[PDB]
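Asks: If it helps, the file is called run.cif and holds mmCIF, C-alpha atoms and all ligand atoms:
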data_data
loop_
_atom_site.label_atom_id
_atom_site.label_comp_id
_atom_site.auth_asym_id
_atom_site.auth_seq_id
_atom_site.Cartn_x
_atom_site.Cartn_y
_atom_site.Cartn_z
CA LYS A 123 -80.57 83.60 92.38
CA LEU A 124 -79.39 86.87 90.82
CA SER A 125 -76.16 87.33 92.75
CA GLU A 126 -74.84 90.68 93.95
CA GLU A 127 -72.16 90.39 91.27
CA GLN A 128 -74.78 89.89 88.55
CA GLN A 129 -76.88 92.89 89.56
CA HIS A 130 -73.67 94.95 89.53
CA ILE A 131 -72.93 93.79 85.97
CA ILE A 132 -76.43 94.78 84.84
CA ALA A 133 -76.10 98.17 86.54
CA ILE A 134 -72.79 98.84 84.77
CA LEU A 135 -74.16 97.87 81.35
CA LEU A 136 -77.33 99.92 81.90
CA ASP A 137 -75.12 102.90 82.77
CA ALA A 138 -72.79 102.24 79.83
CA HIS A 139 -75.73 102.22 77.42
CA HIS A 140 -77.22 105.39 78.92
CA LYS A 141 -73.88 107.19 78.54
CA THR A 142 -73.47 106.15 74.88
CA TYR A 143 -77.02 106.24 73.43
CA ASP A 144 -78.52 109.71 72.95
CA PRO A 145 -82.31 109.29 72.52
CA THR A 146 -82.54 112.93 71.38
CA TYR A 147 -80.28 112.24 68.35
CA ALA A 148 -79.03 115.82 68.67
CA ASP A 149 -75.66 115.02 67.08
CA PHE A 150 -77.35 114.02 63.80
CA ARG A 151 -77.27 117.73 62.89
CA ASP A 152 -73.48 117.41 62.45
CA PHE A 153 -73.71 114.74 59.74
CA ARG A 154 -73.72 115.45 56.05
CA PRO A 155 -77.37 116.12 55.17
CA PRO A 156 -79.69 113.36 53.95
CA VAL A 157 -80.75 113.68 50.32
CA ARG A 158 -83.83 111.88 49.02
CA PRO A 219 -77.29 107.60 42.69
CA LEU A 220 -76.40 106.77 46.31
CA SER A 221 -77.75 110.05 47.63
CA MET A 222 -78.11 108.72 51.20
CA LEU A 223 -74.59 107.28 51.40
CA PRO A 224 -72.87 110.39 52.89
CA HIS A 225 -75.47 110.84 55.64
CA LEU A 226 -75.77 107.16 56.56
CA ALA A 227 -72.00 106.69 56.46
CA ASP A 228 -71.68 109.56 58.94
CA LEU A 229 -74.40 107.92 61.04
CA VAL A 230 -72.58 104.58 61.06
CA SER A 231 -69.29 106.34 61.85
CA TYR A 232 -70.98 108.10 64.77
CA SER A 233 -72.44 104.76 65.88
CA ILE A 234 -69.04 103.03 65.83
CA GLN A 235 -67.75 105.61 68.33
CA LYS A 236 -70.74 104.95 70.60
CA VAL A 237 -70.23 101.18 70.31
CA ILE A 238 -66.58 101.59 71.32
CA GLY A 239 -67.64 103.68 74.31
CA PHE A 240 -70.08 100.98 75.40
CA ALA A 241 -67.63 98.12 74.86
CA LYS A 242 -64.98 99.82 77.01
CA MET A 243 -67.36 99.54 79.99
CA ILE A 244 -68.23 95.83 79.63
CA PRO A 245 -66.84 94.08 82.75
CA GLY A 246 -63.67 92.24 81.73
CA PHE A 247 -63.38 93.82 78.27
CA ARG A 248 -60.35 95.94 79.32
CA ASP A 249 -58.51 92.82 80.56
CA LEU A 250 -58.17 91.72 76.93
CA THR A 251 -55.16 92.69 74.87
CA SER A 252 -55.47 95.68 72.55
CA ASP A 253 -55.39 93.25 69.61
CA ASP A 254 -58.34 91.25 70.95
CA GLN A 255 -60.32 94.39 71.78
CA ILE A 256 -59.74 95.58 68.21
CA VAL A 257 -60.74 92.34 66.49
CA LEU A 258 -63.87 92.03 68.64
CA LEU A 259 -64.99 95.57 67.82
CA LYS A 260 -64.11 95.26 64.12
CA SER A 261 -66.09 92.03 63.81
CA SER A 262 -69.05 93.00 66.01
CA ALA A 263 -69.42 96.69 65.09
CA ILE A 264 -72.12 96.39 62.42
CA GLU A 265 -74.08 93.86 64.51
CA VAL A 266 -74.16 96.07 67.60
CA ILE A 267 -75.15 99.03 65.43
CA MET A 268 -78.05 97.01 64.01
CA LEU A 269 -78.89 95.88 67.56
CA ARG A 270 -78.73 99.42 68.95
CA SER A 271 -80.84 100.73 66.06
CA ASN A 272 -83.78 98.63 67.31
CA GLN A 273 -84.34 101.36 69.91
CA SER A 274 -85.20 103.74 67.05
CA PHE A 275 -87.02 101.15 64.93
CA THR A 276 -90.82 101.37 64.91
CA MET A 277 -93.23 98.74 63.64
CA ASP A 278 -95.76 101.52 62.98
CA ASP A 279 -94.20 101.91 59.52
CA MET A 280 -91.09 99.68 59.64
CA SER A 281 -88.56 102.52 59.84
CA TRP A 282 -85.78 103.82 62.08
CA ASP A 283 -87.24 107.01 63.58
CA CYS A 284 -84.46 109.15 65.10
CA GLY A 285 -86.46 112.21 66.18
CA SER A 286 -87.61 113.96 62.99
CA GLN A 287 -88.74 113.41 59.42
CA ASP A 288 -85.23 114.13 58.13
CA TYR A 289 -83.78 111.47 60.47
CA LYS A 290 -86.42 108.84 59.72
CA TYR A 291 -84.95 106.06 57.58
CA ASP A 292 -86.96 103.47 55.64
CA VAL A 293 -85.91 100.66 53.32
CA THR A 294 -85.68 103.16 50.46
CA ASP A 295 -83.13 105.23 52.39
CA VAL A 296 -80.98 102.17 53.11
CA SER A 297 -81.19 101.25 49.43
CA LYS A 298 -80.12 104.80 48.52
CA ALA A 299 -76.92 104.17 50.52
CA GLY A 300 -75.96 101.30 48.19
CA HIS A 301 -77.50 98.26 49.87
CA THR A 302 -79.91 95.77 48.32
CA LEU A 303 -82.84 93.63 49.45
CA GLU A 304 -80.47 90.70 50.10
CA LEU A 305 -79.50 92.65 53.23
CA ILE A 306 -82.50 94.91 53.76
CA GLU A 307 -85.17 92.18 53.82
CA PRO A 308 -83.55 90.02 56.55
CA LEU A 309 -82.61 93.27 58.30
CA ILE A 310 -86.26 94.36 58.58
CA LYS A 311 -87.26 90.85 59.65
CA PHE A 312 -84.55 90.96 62.33
CA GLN A 313 -85.76 94.34 63.62
CA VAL A 314 -89.34 93.07 63.74
CA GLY A 315 -88.46 89.81 65.50
CA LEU A 316 -86.27 91.61 68.03
CA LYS A 317 -89.07 94.11 68.69
CA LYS A 318 -91.51 91.23 69.18
CA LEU A 319 -89.28 89.90 71.97
CA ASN A 320 -90.05 93.12 73.91
CA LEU A 321 -86.78 92.84 75.81
CA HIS A 322 -86.21 94.57 79.09
CA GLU A 323 -83.48 97.18 78.74
CA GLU A 324 -81.50 94.90 81.06
CA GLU A 325 -81.80 92.15 78.44
CA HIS A 326 -81.08 94.57 75.59
CA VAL A 327 -77.79 95.80 77.06
CA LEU A 328 -76.72 92.28 78.03
CA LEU A 329 -77.34 91.10 74.46
CA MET A 330 -75.14 93.89 73.09
CA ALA A 331 -72.33 92.97 75.49
CA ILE A 332 -72.59 89.26 74.66
CA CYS A 333 -72.54 90.10 70.94
CA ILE A 334 -69.25 91.97 71.30
CA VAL A 335 -67.30 89.44 73.37
CA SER A 336 -67.77 86.37 71.15
CA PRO A 337 -64.78 83.97 71.21
CA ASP A 338 -65.45 82.63 67.69
CA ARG A 339 -64.79 85.98 66.00
CA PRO A 340 -62.09 85.79 63.30
CA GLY A 341 -58.68 86.90 64.51
CA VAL A 342 -59.26 86.36 68.24
CA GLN A 343 -56.02 85.33 69.92
CA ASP A 344 -57.14 84.74 73.50
CA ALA A 345 -60.37 82.87 72.83
CA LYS A 346 -60.32 81.25 76.28
CA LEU A 347 -60.38 84.66 78.00
CA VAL A 348 -63.03 86.02 75.63
CA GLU A 349 -65.20 82.98 76.39
CA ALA A 350 -64.70 83.52 80.13
CA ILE A 351 -65.91 87.13 79.90
CA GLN A 352 -68.86 86.15 77.70
CA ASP A 353 -69.80 83.24 79.97
CA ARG A 354 -70.15 85.61 82.93
CA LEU A 355 -72.46 87.80 80.85
CA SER A 356 -74.48 84.85 79.52
CA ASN A 357 -74.98 83.42 83.02
CA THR A 358 -76.08 86.90 84.12
CA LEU A 359 -78.60 87.04 81.26
CA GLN A 360 -79.95 83.52 81.87
CA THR A 361 -80.38 84.21 85.59
CA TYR A 362 -81.98 87.61 84.96
CA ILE A 363 -84.62 86.08 82.69
CA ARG A 364 -85.32 83.30 85.20
CA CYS A 365 -85.72 85.68 88.16
CA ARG A 366 -87.01 88.89 86.57
CA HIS A 367 -88.83 88.18 83.29
CA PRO A 368 -92.36 86.92 84.00
CA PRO A 369 -94.09 84.34 81.80
CA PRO A 370 -95.26 84.06 79.10
CA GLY A 371 -92.69 86.50 77.68
CA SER A 372 -89.91 84.53 79.38
CA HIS A 373 -90.68 81.40 77.34
CA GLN A 374 -87.41 80.23 75.73
CA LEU A 375 -86.31 83.87 75.82
CA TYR A 376 -82.60 83.10 76.19
CA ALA A 377 -82.68 80.71 73.22
CA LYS A 378 -84.59 83.30 71.16
CA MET A 379 -82.02 85.96 72.07
CA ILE A 380 -79.13 83.70 71.05
CA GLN A 381 -80.97 83.00 67.79
CA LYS A 382 -80.92 86.77 67.21
CA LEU A 383 -77.13 86.66 67.63
CA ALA A 384 -77.07 84.00 64.91
CA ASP A 385 -79.22 86.27 62.74
CA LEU A 386 -76.72 89.10 63.27
CA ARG A 387 -73.84 86.88 62.14
CA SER A 388 -75.63 86.28 58.83
CA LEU A 389 -76.51 89.97 58.50
CA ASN A 390 -72.86 90.77 59.22
CA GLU A 391 -71.76 88.42 56.43
CA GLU A 392 -74.15 89.95 53.90
CA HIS A 393 -73.24 93.51 54.92
CA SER A 394 -69.57 92.65 54.41
CA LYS A 395 -70.28 91.46 50.86
CA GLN A 396 -72.24 94.58 49.92
CA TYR A 397 -69.75 96.85 51.68
CA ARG A 398 -66.83 95.24 49.83
CA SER A 399 -68.67 95.67 46.53
CA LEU A 400 -69.63 99.25 47.43
CA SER A 401 -66.23 100.31 48.79
CA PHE A 402 -64.42 98.67 45.84
CA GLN A 403 -65.53 101.68 43.80
CA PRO A 404 -63.41 104.75 44.69
CA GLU A 405 -66.33 107.09 43.94
CA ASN A 406 -68.16 105.39 46.83
CA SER A 407 -65.17 105.03 49.17
CA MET A 408 -64.62 108.79 48.83
CA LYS A 409 -68.01 109.28 50.50
CA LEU A 410 -67.21 107.08 53.50
CA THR A 411 -65.48 108.32 56.66
CA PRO A 412 -61.93 107.51 57.79
CA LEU A 413 -63.21 105.60 60.83
CA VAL A 414 -65.59 103.50 58.71
CA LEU A 415 -62.78 102.62 56.30
CA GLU A 416 -60.50 101.60 59.16
CA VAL A 417 -63.10 99.43 60.88
CA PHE A 418 -64.82 97.83 57.87
CA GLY A 419 -61.90 97.83 55.41
CA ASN A 420 -60.50 99.60 52.35
CA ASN B 626 -52.86 99.46 61.41
CA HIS B 627 -55.84 100.75 63.45
CA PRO B 628 -54.83 104.15 64.87
CA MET B 629 -58.35 105.59 65.10
CA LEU B 630 -59.71 102.44 66.75
CA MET B 631 -56.73 102.39 69.12
CA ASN B 632 -57.16 106.03 70.12
CA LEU B 633 -60.87 105.57 70.83
CA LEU B 634 -59.99 102.50 72.92
CA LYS B 635 -57.50 104.51 75.03
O1 LIG C 1 -77.03 106.98 69.20
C1 LIG C 1 -76.88 105.97 68.48
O2 LIG C 1 -75.79 105.37 68.44
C2 LIG C 1 -78.06 105.46 67.68
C3 LIG C 1 -77.69 105.47 66.20
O3 LIG C 1 -78.93 105.39 65.55
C4 LIG C 1 -78.88 104.57 64.41
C5 LIG C 1 -77.67 103.94 64.00
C6 LIG C 1 -77.66 103.15 62.83
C7 LIG C 1 -78.86 103.00 62.11
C8 LIG C 1 -78.86 102.13 60.89
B1 LIG C 1 -80.21 101.10 60.67
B2 LIG C 1 -79.56 99.65 59.91
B3 LIG C 1 -80.37 100.89 58.93
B4 LIG C 1 -78.89 100.11 58.36
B5 LIG C 1 -77.81 99.83 59.75
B6 LIG C 1 -78.63 100.46 61.18
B7 LIG C 1 -77.38 101.43 60.41
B8 LIG C 1 -78.17 102.68 59.42
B9 LIG C 1 -79.92 102.48 59.59
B10 LIG C 1 -79.10 101.87 58.14
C9 LIG C 1 -77.64 101.21 58.73
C10 LIG C 1 -76.43 101.23 57.81
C11 LIG C 1 -76.06 102.41 57.16
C12 LIG C 1 -74.93 102.41 56.31
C13 LIG C 1 -74.20 101.22 56.07
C14 LIG C 1 -72.94 101.23 55.15
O4 LIG C 1 -72.65 99.92 54.69
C15 LIG C 1 -73.07 102.21 53.96
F1 LIG C 1 -73.12 103.52 54.33
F2 LIG C 1 -74.21 101.88 53.29
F3 LIG C 1 -71.99 102.04 53.16
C16 LIG C 1 -71.73 101.61 56.06
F4 LIG C 1 -70.56 101.63 55.33
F5 LIG C 1 -71.65 100.64 57.03
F6 LIG C 1 -71.90 102.84 56.63
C17 LIG C 1 -74.58 100.03 56.70
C18 LIG C 1 -75.70 100.05 57.56
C19 LIG C 1 -80.03 103.66 62.51
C20 LIG C 1 -80.05 104.44 63.67
#
Go through the file and emit its structure as structure tokens.
Replies:
Amino acid sequence: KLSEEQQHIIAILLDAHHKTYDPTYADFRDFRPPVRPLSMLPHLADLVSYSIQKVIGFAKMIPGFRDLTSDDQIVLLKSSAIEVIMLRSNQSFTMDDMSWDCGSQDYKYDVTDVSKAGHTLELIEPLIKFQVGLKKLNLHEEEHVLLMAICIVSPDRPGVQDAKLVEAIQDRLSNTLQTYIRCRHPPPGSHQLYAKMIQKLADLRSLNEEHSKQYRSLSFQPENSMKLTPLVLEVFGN
Amino acid sequence: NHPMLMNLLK
């Protein structure tokens, strides 16, 4: 049932993810150093800024994404950026000790590190629960990259002009995901997997909303906004 | 409005 077109889509997204996710985390050496006051804000702001660039690189390779206007590409990335970053971070998350392990002790981030960047349990608690629930899905990488692509091209994002085209692109990805699970994910792990994955997209919307609140509060203070990056300020707001 | 986003999208 998985058409030739649908395997091609999966192959592109798998390649797009491999070209934009460095599992060695080598570039983390270029960030401002972590310090363990919002002592982790400079380092984690650099990390998020680095992640935005990777998310843009991935989005540019989603089939159909380039057929959107520049305005629609921008609003989709602006709205989805923090969700895809949280999604992508699941690859580094470990349930061994509920942390994001990016290759070394310096680049291992726990709830204390996120709190030392300015965020509170109102975000961090549902964030950890999201990372655990996503991990418990044990997605195929095929499912992981499809979920990221579907996240980005959502027609209900604020500011979308051409919602009909956005929905068309997303529908092709969703049908690809549904068919992949049916034909390639064996039971019992396949049980209601598509519904559970869409529920995770709903979770990300709520995490996005709470991150926006805390970011607005954080960035409202110039002492904090000084520690952000230009790209982060452009994407998330001033 | 979004020059850095635009340039990365190029
Ligand atoms: O190669 C790759 O791409 C893989 C890149 O690995 C990654 C990327 C991202 C993360 C993370 B994970 B969830 B925890 B939160 B969220 B993800 B992102 B960091 B760590 B912290 C994160 C985070 C930090 C800073 C803010 C800010 O709100 C703050 F800095 F606090 F102001 C910001 F403004 F958004 F930056 C918001 C969210 C871990 C590993």
Asks: Give as a PyMOL selection string the residues surrounding ligand LIG 1 (chain C) up to a distance of 7 Å, considering all atoms listed in the file.
Replies: chain A and resi 142-145+147+223+226-227+229-233+236+264+267-268+270-271+274+282+284+291+296+299-301+393+397+400+410+414
Asks: Up to 12 Å from chain B, what residues of chain A turn up? Count all atoms listed in the file and give them as a PDB file with C-alpha atoms, keeping the file's coordinate frame.
Replies:
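Saved file part.pdb follows:
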ATOM      1  CA  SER A 231     -69.290 106.340  61.850  1.00  0.00           C
ATOM      2  CA  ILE A 234     -69.040 103.030  65.830  1.00  0.00           C
ATOM      3  CA  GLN A 235     -67.750 105.610  68.330  1.00  0.00           C
ATOM      4  CA  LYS A 236     -70.740 104.950  70.600  1.00  0.00           C
ATOM      5  CA  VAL A 237     -70.230 101.180  70.310  1.00  0.00           C
ATOM      6  CA  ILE A 238     -66.580 101.590  71.320  1.00  0.00           C
ATOM      7  CA  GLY A 239     -67.640 103.680  74.310  1.00  0.00           C
ATOM      8  CA  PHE A 240     -70.080 100.980  75.400  1.00  0.00           C
ATOM      9  CA  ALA A 241     -67.630  98.120  74.860  1.00  0.00           C
ATOM     10  CA  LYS A 242     -64.980  99.820  77.010  1.00  0.00           C
ATOM     11  CA  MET A 243     -67.360  99.540  79.990  1.00  0.00           C
ATOM     12  CA  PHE A 247     -63.380  93.820  78.270  1.00  0.00           C
ATOM     13  CA  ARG A 248     -60.350  95.940  79.320  1.00  0.00           C
ATOM     14  CA  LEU A 250     -58.170  91.720  76.930  1.00  0.00           C
ATOM     15  CA  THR A 251     -55.160  92.690  74.870  1.00  0.00           C
ATOM     16  CA  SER A 252     -55.470  95.680  72.550  1.00  0.00           C
ATOM     17  CA  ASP A 253     -55.390  93.250  69.610  1.00  0.00           C
ATOM     18  CA  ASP A 254     -58.340  91.250  70.950  1.00  0.00           C
ATOM     19  CA  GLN A 255     -60.320  94.390  71.780  1.00  0.00           C
ATOM     20  CA  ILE A 256     -59.740  95.580  68.210  1.00  0.00           C
ATOM     21  CA  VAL A 257     -60.740  92.340  66.490  1.00  0.00           C
ATOM     22  CA  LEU A 258     -63.870  92.030  68.640  1.00  0.00           C
ATOM     23  CA  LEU A 259     -64.990  95.570  67.820  1.00  0.00           C
ATOM     24  CA  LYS A 260     -64.110  95.260  64.120  1.00  0.00           C
ATOM     25  CA  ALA A 263     -69.420  96.690  65.090  1.00  0.00           C
ATOM     26  CA  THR A 411     -65.480 108.320  56.660  1.00  0.00           C
ATOM     27  CA  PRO A 412     -61.930 107.510  57.790  1.00  0.00           C
ATOM     28  CA  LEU A 413     -63.210 105.600  60.830  1.00  0.00           C
ATOM     29  CA  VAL A 414     -65.590 103.500  58.710  1.00  0.00           C
ATOM     30  CA  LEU A 415     -62.780 102.620  56.300  1.00  0.00           C
ATOM     31  CA  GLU A 416     -60.500 101.600  59.160  1.00  0.00           C
ATOM     32  CA  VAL A 417     -63.100  99.430  60.880  1.00  0.00           C
ATOM     33  CA  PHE A 418     -64.820  97.830  57.870  1.00  0.00           C
ATOM     34  CA  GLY A 419     -61.900  97.830  55.410  1.00  0.00           C
ATOM     35  CA  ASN A 420     -60.500  99.600  52.350  1.00  0.00           C
TER      36      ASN A 420
END
Asks: Please determine, counting only C-alpha atoms, which residue among A:381, A:374, A:281, A:261 has the shortest atom-to-atom distance to residue 336 in chain A.
Replies: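 For residue 336 in chain A, the nearest of the candidates is A:261.
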Asks: Around the point (-78.2, 106.1, 47.9) (coordinates from the file), which residues reach within 7 Å if we count all atoms listed in the file? Answer as a ChimeraX atom specification.
Replies: /A:219-223,295,297-300
Asks: How about saving the chosen residues, C-alpha atoms kept, as a PDB file, in the frame of the given file?
Replies:
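Written output follows (again21.pdb):
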ATOM      1  CA  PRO A 219     -77.290 107.600  42.690  1.00  0.00           C
ATOM      2  CA  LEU A 220     -76.400 106.770  46.310  1.00  0.00           C
ATOM      3  CA  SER A 221     -77.750 110.050  47.630  1.00  0.00           C
ATOM      4  CA  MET A 222     -78.110 108.720  51.200  1.00  0.00           C
ATOM      5  CA  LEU A 223     -74.590 107.280  51.400  1.00  0.00           C
ATOM      6  CA  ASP A 295     -83.130 105.230  52.390  1.00  0.00           C
ATOM      7  CA  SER A 297     -81.190 101.250  49.430  1.00  0.00           C
ATOM      8  CA  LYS A 298     -80.120 104.800  48.520  1.00  0.00           C
ATOM      9  CA  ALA A 299     -76.920 104.170  50.520  1.00  0.00           C
ATOM     10  CA  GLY A 300     -75.960 101.300  48.190  1.00  0.00           C
TER      11      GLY A 300
END
Asks: Env of residue 350 in chain A: 12 Å cut, atoms = only C-alpha atoms, seq-sep filter 5 positions within chain, self excluded. Answer as number ranges by chain.
Replies: A: 245-247, 249-250, 332, 335-337, 344-345, 355-357
Asks: What's the 12 Å shell around residue 269 in chain A, counting only C-alpha atoms, without same-chain residues fewer than 2 positions away, as a count of residues only?
Replies: 41
Asks: Interatomic distance between CA of residue 362 in chain A and CA of residue 128 in chain A?
Replies: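 Those two atoms sit 8.4 Å apart.
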Asks: Go ahead and compute the interatomic distance for CA of residue 377 in chain A and CA of residue 360 in chain A, in Å to one decimal.
Replies: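 Answer for the CA of residue 377 in chain A to CA of residue 360 in chain A separation: 9.5 Å.
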Asks: Suppose you want the space between CA of residue 349 in chain A and CA of residue 135 in chain A; what is it in Å?
Replies: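 Atom-to-atom, CA of residue 349 in chain A and CA of residue 135 in chain A are spaced 18.1 Å apart.
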Asks: What's the 6 Å shell around residue 361 in chain A, counting all atoms listed in the file, without same-chain residues fewer than 3 positions away, as a VMD selection string?
Replies: chain A and resid 124 358 364
